[PDB]
Amino acid sequence: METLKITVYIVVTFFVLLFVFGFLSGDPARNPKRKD
Amino acid sequence: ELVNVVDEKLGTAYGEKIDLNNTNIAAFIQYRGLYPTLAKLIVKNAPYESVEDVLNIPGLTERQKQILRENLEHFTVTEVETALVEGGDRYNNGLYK
Amino acid sequence: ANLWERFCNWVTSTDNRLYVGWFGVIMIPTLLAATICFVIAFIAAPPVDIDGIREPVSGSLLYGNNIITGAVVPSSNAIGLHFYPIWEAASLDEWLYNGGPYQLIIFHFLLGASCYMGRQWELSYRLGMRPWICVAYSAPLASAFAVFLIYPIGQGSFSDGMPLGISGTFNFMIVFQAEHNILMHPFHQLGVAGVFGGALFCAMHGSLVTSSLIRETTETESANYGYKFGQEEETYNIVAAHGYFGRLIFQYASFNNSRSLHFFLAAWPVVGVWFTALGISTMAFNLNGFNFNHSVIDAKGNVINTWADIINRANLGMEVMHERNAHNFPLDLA
Amino acid sequence: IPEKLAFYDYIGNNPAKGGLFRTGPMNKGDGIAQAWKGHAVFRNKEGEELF
Amino acid sequence: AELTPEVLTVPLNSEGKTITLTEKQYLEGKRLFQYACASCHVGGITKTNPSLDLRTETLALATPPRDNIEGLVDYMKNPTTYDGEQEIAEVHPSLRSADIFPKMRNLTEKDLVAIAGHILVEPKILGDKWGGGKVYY
Amino acid sequence: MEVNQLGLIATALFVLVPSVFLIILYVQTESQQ
Amino acid sequence: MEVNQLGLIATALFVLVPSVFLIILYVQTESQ
Amino acid sequence: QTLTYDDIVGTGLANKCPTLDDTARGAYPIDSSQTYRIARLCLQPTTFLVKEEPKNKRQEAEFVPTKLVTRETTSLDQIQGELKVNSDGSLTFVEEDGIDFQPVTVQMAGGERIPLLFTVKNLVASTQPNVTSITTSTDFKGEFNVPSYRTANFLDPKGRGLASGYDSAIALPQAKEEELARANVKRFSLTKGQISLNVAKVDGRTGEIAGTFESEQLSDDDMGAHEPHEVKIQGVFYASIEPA
Amino acid sequence: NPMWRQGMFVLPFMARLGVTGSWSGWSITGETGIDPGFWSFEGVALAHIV
Amino acid sequence: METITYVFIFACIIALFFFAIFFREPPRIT
Ligand code: CLA
Ligand code: CLA
Ligand code: CLA
Ligand SMILES: CC(C)=CCC/C(C)=C/CC/C(C)=C\CC/C(C)=C/CC/C(C)=C/CC/C(C)=C\CC/C(C)=C/CC/C(C)=C\CC/C(C)=C/CC1=CC(=O)C(C)=C(C)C1=O
Ligand code: HEC
Ligand SMILES: CC1=C(/C=C/C(C)=C/C=C/C(C)=C/C=C/C=C(C)/C=C/C=C(C)/C=C/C2=C(C)CCCC2(C)C)C(C)(C)CCC1
Ligand code: OEX
Ligand SMILES: [Cl-]
Ligand SMILES: [Cl-]
């Protein structure tokens, strides 16, 4: 059960950093008209 | 061969009088002087061989012996029905209003 | 040309057949987790002791259910609002008896549906649209939060969240009426107004545009072929539509501006469903529908029944029967 | 009392006791009628006729 | 039907004397009963002990009899159990216990009759509804 | 479960026959162009 | 007669399925 | 030095019976002329075994083991009773009261859920004669009552019960009832069980004792519906004695 | 009542090469309460679907 | 056989989903 707990914690943490860092990587600028 | 023991008990004295071996404690409210004190005592010291056995309960004050005598004709005793006394069902049988 | 930057471009690419985005990065895993677990549970879960009284309810197909009676059964009332992942159970067998799969499904679902709404904003920004379609979807999404999370919080248990099932849905809405008189609640009355009104305006708008198609086809072809995808001209005459509906009612109860008309279609069912979702959310804290039981009496003081009292009798028949074994004391206070 | 008459006086032949997906003949439900058992009479312990 | 003085005539004491309230006294008690008592006794039941109710026939069988103004006025001063054997001022509101039950503080003696009388009149109006419970709602 | 045995033939025909109809008309639509 | 009750569904699909195959192929020949 | 509720809440330790130091190998002597009560009897199951049903005759099936699916809800505790000294020096414990039942459901290989009312209700357990001292070789043996798993008010899923509910299969109004008599009429069983309590630890200073137990009883019969299984329970126990 | 009496066709091909237990705790050999790990009858099926 | 029938229809809908999306007639402009 503990191998599972660890795994789920790792999967979740990894997707949430994806998310957070992804929006920090210049999201306002990723549109079609005005980039900045 | 398969009987409902509770229905069958409705066709005894149980179905007409307060059964001192089986009836829920809330019944003793239908006659004056009997609830909560004497009633509590009757349920604790059950079962009884005869209706008159309750006059032998230790701790009775003569006033209490008076009230029971006054009411023995409202009492009966049938055999203990397990379904009716297990579960603490003589103190609370799930019936309210 | 750097690796994170290439990945970031694929994530937000407007060229993927289906758009991912940073919200999609959370939604896809959580919606597959909820979906895969739902499908297996619905088909093959053993029965679940929803009410915490060691009286398990069978919900899956292999255990005697059909499409109409099956459900993934809410988690056990012994758990209340406690978190119950797989890893908190001695074994999968325990997790299944106690209704573990429900918790898994609803949490992943609400998450990914929350990200689903975010994804509606995100892609709108990447195509240069106006942003507010996601506001519209928040009316249904709020409704799902209400029956799967909010109502369980104020009542104290995930066992009174909505079953994931067709008859379990009906069980949920019967019990809600006995306990909250939801029909007599104004916010449910507005949800009906929103949902009847929506269906009416859907038909009205669809019939009125359909009534004013400009002739572009012959009798032997679908008029639908009169429109070509991406044509610059409009495909119906709105002046003629205004001219008809204006006269069916009167001129000023009908729209001549398409923007007000389409915003009207958007707003009406959205608002009404905000309210009915708020109604469920607030009856979670037992602020119930109007009670006029015995509000009318005569000069002697007799009760003179109304239809509210009749409703109440039906409500009572629900109260006294629901979860028939689970109550030991005279009031059902949650 | 002719049996045919008593068989009318039975809710099983009432057409408004059916169900939409309960299929087939009425005989598939309550069975094939065979005989009238008689008219039943209830009395309490006092001897009142009861209905 | 209307609030006649018949229905407003209620026994005063067990001797058998009677007393006839005003409409205004009847409605006085109704008001005071919703203020002090109805949180537990709505409809003439008792939510925290459904076994005892305020039907006149249950009251007549209490010890001492409570089917009358004196017995009711006394019960609100010094409550006992159904058999009369233990004073229960500590757990039932009463003038004797207005320290711990603060709603009973500003009840004058006439307020007590109004309340007692409301209780004896309502069974005459509502029938089995009074003390019957949800079965009769 | 003690279920209706024509349920199965019923469901299969309910599904198959309208479906085959739609397919037959679709495939001959594609064979024109 | 106590016959096998999957016999009906077996005969039915044994007829239906390959017959639909042929009809599908004949009609789309006729329309080209 | 003791623990508090907030140290325990959520641990699982609330379902565990108290333990005795592995030093405690003394003995607690009995004055035949004093009286004694058990203040706390605590019974903690560790193992659940269900007898299989061997289909043929000469096979007498075995006790197979099971999965518990109802969590840490299993232990009996706060049990008190008299501790008599009979004429020949045996001690007899008579249960009075306590939390002496726990519903339990265990799942066998294959899926079958077995519910059972784990209980020591109305327990009388005696020793051998001539005790004079409770020691790490003492055995109590005795028997108890196993009432019905459901009590009289339980309604089955179609509303059928014993002291409440319907007396018939109302969804099948003109179905011949003789088949369903067994499911329509509910029955309140009352069986007996048996228990051995082996003492293996004794604090003679304090009167605490602890050891192992084995009981054998019947599972739920669903108010007549089906036949019960046979259940063997093993675990550990702890009791404290007081001069009455 | 062994598998070959019950019309089981593929159950024996799993048994032939070592798959003998189910996640519900039985084995074809008769032993009750057994931990097969992933590669039970159930798990082999699963993997063929994936 | 009831279980089987229900799952087969559901399965088919999921496959129709698949073709309706990746094998749609592609919309084309003017
Ligand atoms: C003749 C039949 C009839 C009528 C008139 C109504 C009317 C109504 N029902 Mg009712 N209902 C009906 C049949 C009917 N219902 C049936 C058959 C069912 C199923 C059994 C229900 C079930 C039902 C429920 C469950 C609820 C209602 C509700 C409502 C209200 C909202 C309806 C709404 O917004 O719809 C959409 C329609 C529109 C958006 C168009 C406008 C509608 C109004 C009525 C027109 C008013 C015109 C007005 C008088 C102005 C004229 C003068 C002007 C020139 C100045 C409204 C009072 C709700 C309610 O009780 O609210 C109290 C509610 O919760 N109905
Ligand atoms: C004519 C009678 C009538 C009418 C018109 C209504 C109308 C309504 N009722 Mg009432 N109701 C009635 C009688 C009636 N009711 C009666 C008699 C009772 C008592 C027995 C009730 C009890 C009742 C309750 C208890 C509730 C309602 C609710 C509602 C609303 C349901 C729609 C909704 O929530 O949408 C909102 C939209 C959604 C819920 C959709 C969420 C969808 C998510 C976002 C996506 C899901 C994705 C899906 C799983 C996958 C699809 C993908 C696909 C590719 C396969 C609506 C206003 C509900 C409500 O207000 O909920 C807030 C509610 O809980 N009603
Ligand atoms: C008016 C037409 C009619 C009527 C009233 C009857 C009446 C009867 N027939 Mg007969 N029958 C008919 C036409 C009719 N039949 C036809 C056309 C045939 C040839 C197919 C037969 C073949 C036939 C046989 C073989 C048998 C009967 C039998 C019976 C009896 C019981 C039938 C039963 O249980 O129904 C059950 C009815 C239903 C379950 C209702 C089905 C309605 C479906 C659900 C509608 C479909 C909805 C649709 C798809 C929704 C989508 C719409 C939207 C998308 C646009 C009854 C006396 C039986 C009997 O007892 O004989 C002795 C029997 O065995 N009938
Ligand atoms: C003894 C004697 C003799 C007694 C005297 C008795 C006597 C003789 C009496 C007789 C009286 C008499 C002779 C009759 C005259 C009396 C008369 C006035 C009767 C009143 C009748 C009456 C009550 C009528 C009903 C009133 C009523 C329901 C209408 C009010 C308006 C109404 C609700 C309209 C809905 C409007 C709505 C909300 C929005 C539009 C809907 C919608 C969004 C459509 C979409 C849409 C709209 C567009 O617009 C266009 C463009 C397009 C594209 C489009 O998508
Ligand atoms: C709940 C907090 C109560 C409030 C407020 C009031 N009463 Fe009450 N009442 C309550 C209980 C639990 C009981 C039973 C006590 C017992 O064990 O005997 C009662 C009883 C009565 C009775 C006696 C009824 C009988 O059949 O003998 C009466 C007359 C009564 N209560 C009256 C009464 C009045 C007038 C109140 C407001 C002033 C009032 N009660 C408050 C619980 C509660
Ligand atoms: C053989 C057999 C049998 C039968 C069977 C059958 C009848 C079959 C069926 C089958 C089927 C009938 C299948 C199906 C399949 C399907 C699929 C495989 C699907 C797919 C899909 C997809 C892939 C999707 C995708 C997606 C994405 C990706 C994204 C989003 C969208 C979507 C969702 C679309 C039996 C059991 C009797 C017995 C044994 C043997
Ligand atoms: O669980 Mn579901 O349902 Ca809401 O109230 Mn109380 O709890 Mn139960 O009762 Mn009524
Ligand atoms: Cl319910
Ligand atoms: Cl309760």
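Scope of the values below: all heavy atoms of this structure, side chains included, with no hydrogens, waters or symmetry mates. In the text below, chain A, chain B and the rest are named by the order of the sequence lines, each starting its count at 1.
Under the 4.0 Å criterion applied to side-chain N and carboxylate O atoms, E:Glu28 and E:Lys110 are not assigned as salt-bridge partners. Ion pairing of B:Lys9 with B:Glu79 is absent here, as no side-chain N (NZ or NE/NH1/NH2) approaches a carboxylate O to less than 4.0 Å. Salt bridge H:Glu82/H:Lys84: present, at least one basic N to carboxylate O contact under 4.0 Å. Salt-bridge annotation for B:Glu70 and B:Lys65: absent, with no side-chain N of the basic residue lying under 4.0 Å from a carboxylate O of the acidic one.
In this structure, the side chains of H:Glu208 and H:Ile241 stay at 4.5 Å or more apart for every pair of heavy atoms. Inter-residue side-chain proximity for E:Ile19 and E:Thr9 is flagged as unmet; no heavy-atom pair is nearer than 4.5 Å. In this structure the side chain of E:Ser51 reaches within 4.5 angstrom of the side chain of B:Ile29, judged on heavy atoms. Contact check for H:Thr119 versus H:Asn145: no side-chain heavy atoms found under the 4.5 Å cut-off. Two residues are said to be in side-chain contact when any heavy atoms from C-beta on lie closer than 4.5 Å; H:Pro103 and C:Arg54 meet this criterion. H:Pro147 places a side-chain heavy atom less than 4.5 Å from the side chain of H:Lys121. Between E:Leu61 and B:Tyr31 there is no side-chain heavy-atom pair separated by less than 4.5 Å. Residues E:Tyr26 and E:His118 meet the side-chain proximity criterion, which asks for heavy atoms closer than 4.5 Å.
Inspection of the C:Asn286 and C:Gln155 side chains reveals an N or O donor paired with an N or O acceptor under 3.5 Å. Counting only N and O atoms by type, the side chains of E:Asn68 and E:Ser14 include a donor and acceptor under 3.5 Å apart. Checking C:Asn302 against C:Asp298 by side-chain atom types alone, a donor-acceptor pair falls below 3.5 Å. Between the side chains of B:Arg90 and B:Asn24, no donor-acceptor pair of N or O atoms lies under 3.5 Å. With 3.5 Å as the limit, one finds no donor-acceptor pair spanning the side chains of C:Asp51 and C:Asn77. Between the side chains of E:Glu70 and E:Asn13, no donor-acceptor pair of N or O atoms lies under 3.5 Å. No donor-acceptor contact under 3.5 angstrom links the side chains of H:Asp7 and H:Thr4, judged on distance only. For the 3.5 Å distance criterion, the side chains of E:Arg66 and E:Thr80 qualify, holding a donor opposite an acceptor. Checking H:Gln44 against H:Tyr238 by side-chain atom types alone, no donor-acceptor pair falls below 3.5 Å. When only modelled atom types and interatomic distance are considered, H:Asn15 and H:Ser75 share a side-chain donor-acceptor pair under 3.5 Å. A side-chain donor from one of E:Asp83 and E:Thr81 sits under 3.5 Å from a side-chain acceptor of the other.
By the side chain to side chain donor-acceptor pair (under 3.5 Å) test, E:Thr46 pairs with E:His41, sequence neighbours left out. Annotation: disulfide (SG to SG under 2.5 Å) contacts of H:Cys17 (sequence neighbours excluded): H:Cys42. In terms of the salt bridge (charged side-chain N to carboxylate O under 4.0 Å, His left out) criterion, H:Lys16 has no residue partners (sequence neighbours excluded).
The structure places CG of C:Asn312 at 3.5 Å from CG of C:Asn293, a figure rounded to the nearest 0.5 Å. Between the OH atom in B:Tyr96 and the CG atom in C:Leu331 there is a gap of 9.5 Å [rounded to 0.5 Å]. Here the CZ-OH distance, from B:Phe75 to B:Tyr48, works out to 9.5 Å after rounding to the nearest 0.5 Å.
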Hey, mind stepping through E:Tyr75 and E:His92 against ring pair (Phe, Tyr, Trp, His ring centres under 6.0 Å) and telling me if it holds? CA-CA 10 Å; E:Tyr75 188 95; E:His92 196 288; 5.3 Å; yes
Please determine whether salt bridge (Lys or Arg N to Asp or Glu O under 4.0 Å) holds for the pair B:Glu62 and B:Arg69, giving the CA-CA distance in whole Å, both sets of side-chain angles, and the decisive distance to 0.1 Å. CA-CA 10 Å; B:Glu62 280 305 294; B:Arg69 294 187 190 209; 5.8 Å; no
Evaluate E:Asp99 against E:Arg105 for salt bridge (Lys or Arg N to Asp or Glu O under 4.0 Å), listing each step before the verdict. CA-CA 8 Å; E:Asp99 41 18; E:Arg105 253 119 72 141; over 6 Å; no
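Between E:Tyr82 and B:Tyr35, the ring planes are perpendicular. Angles over 60° get that label, and only those under 30° would be called parallel.
Counting only distance, with no hydrogens or angles, the side chain of E:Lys103 and the backbone of E:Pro93 share no donor-acceptor pair below 3.5 Å. With hydrogens and angles ignored, the 3.5 Å screen pairs no side-chain donor or acceptor of E:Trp130 with any backbone N or O of E:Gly43. H:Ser164 places no side-chain N or O within donor-acceptor distance of the main-chain N or O of H:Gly161, the cut-off being under 3.5 Å. A donor-acceptor distance shorter than 3.5 angstrom exists from the side chain of B:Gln30 to the backbone of B:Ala27, with no hydrogens or angles considered. Panel note: side chain C:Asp309, backbone C:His294; a donor-acceptor pair is recorded below 3.5 Å. With hydrogens and angles ignored, the 3.5 Å screen pairs a side-chain donor or acceptor of C:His180 with a backbone N or O of C:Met283. No donor-acceptor pair under 3.5 Å is formed between the side chain of H:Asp100 and the backbone N or O of H:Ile79. E:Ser97 places no side-chain N or O within 3.5 Å of a backbone atom of E:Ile100 that could act as its donor or acceptor partner. Side-chain atoms of E:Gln25 come within 3.5 Å of backbone N or O of E:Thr22 as a donor-acceptor pair. E:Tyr137 places no side-chain N or O within 3.5 Å of a backbone atom of E:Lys129 that could act as its donor or acceptor partner.
Scanning all heavy atoms of the two residues, the minimum distance from E:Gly133 to E:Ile45 falls at N-CG2, 3.9 Å. The minimum heavy-atom distance linking H:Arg40 with H:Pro18 is given by the pair NH2-CD, 3.2 Å. When all heavy atoms of B:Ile25 and B:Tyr91 are compared, the closest pair comes out as CG2-O, 3.8 Å. Between B:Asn21 and B:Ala46, the closest heavy-atom pair is OD1-CB, 4.5 Å. Residue C:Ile79 comes nearest to H:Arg71 through the heavy atom pair CG1-NH1, 3.3 Å, listed as atom of the first residue, atom of the second, then distance. Closest approach of H:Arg150 and H:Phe188 over heavy atoms only: O-CE1, 3.9 Å.
The ring of E:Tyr35 has its center no closer than 6.0 angstrom to the ring center of E:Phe33.
A side-chain contact (heavy atoms from CB on, under 4.5 Å) with H:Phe118 holds for exactly one of H:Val146, H:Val104, H:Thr73; it is H:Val104.
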Check residues 51-60 of chain B and write down every donor-acceptor pair under 3.5 Å in which the side-chain atom is one partner and the other belongs to a residue at least two apart or another chain.
residue: B:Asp53; atom: OD1; partner: B:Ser50; partner atom: OG; Å: 2.9
residue: B:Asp53; atom: OD2; partner: B:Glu49; partner atom: N; Å: 3.0
residue: B:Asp53; atom: OD2; partner: B:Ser50; partner atom: N; Å: 3.4

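Listed by first and then second residue, the salt bridge (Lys or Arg N to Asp or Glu O under 4.0 Å) pairs involving residues 32-41 of chain B amount to none (not counting sequence neighbours). Residues in residues 317-326 of chain C take part in these side chain to side chain donor-acceptor pair (under 3.5 Å) pairs, two or more places apart or across chains: C:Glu55-C:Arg324, C:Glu55-C:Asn325, C:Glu179-C:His322, C:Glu319-E:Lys134, C:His322-C:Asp332.
Within a 6.0 Å radius of NZ in E:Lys47, other residues, nucleotides and ligands contribute 12 heavy atoms or fewer.
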